[PDB]
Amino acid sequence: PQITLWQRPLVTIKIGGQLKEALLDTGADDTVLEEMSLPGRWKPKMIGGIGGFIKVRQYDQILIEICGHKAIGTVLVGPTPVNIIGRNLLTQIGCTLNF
């Protein structure tokens, strides 16, 4: 689709069989989701932004579906204010900025 930015670009994702909403975020390098149990082994990591650093769990090779498009990649899980879809997965689904 083409998404305008008058409101926040929140979409539905599917992951681990759940439905969530997430934010399509060109200002993020990585994907961060709220705390949840995913299958698989994980590594403790840190990530930062405005305000500082949070501890997350890194999950590799996770399948995720974003408005019906599949992406397979790294997800960080942890105490984020909002579910963030970053540039690591936006590129997989062919996302660009246009003006």
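Start at 1 and count along the sequence shown; that's the residue number.
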>> On mean Cα temperature factor in this entry, is 12-20 or 80-88 the higher one?
In response: 12-20
> Out of 70-78 and 31-39, which one has CA B-factors that are higher on average in the deposited record?
Replying inline: 31-39
>> Could you place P44 in the lowest, middle or highest third of its chain by Cα temperature factor, using the values in the record?
In response: highest
>> For the chain shown, is the CA B-factor of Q58 in the lowest, middle or highest third of its modelled residues?
In response: middle
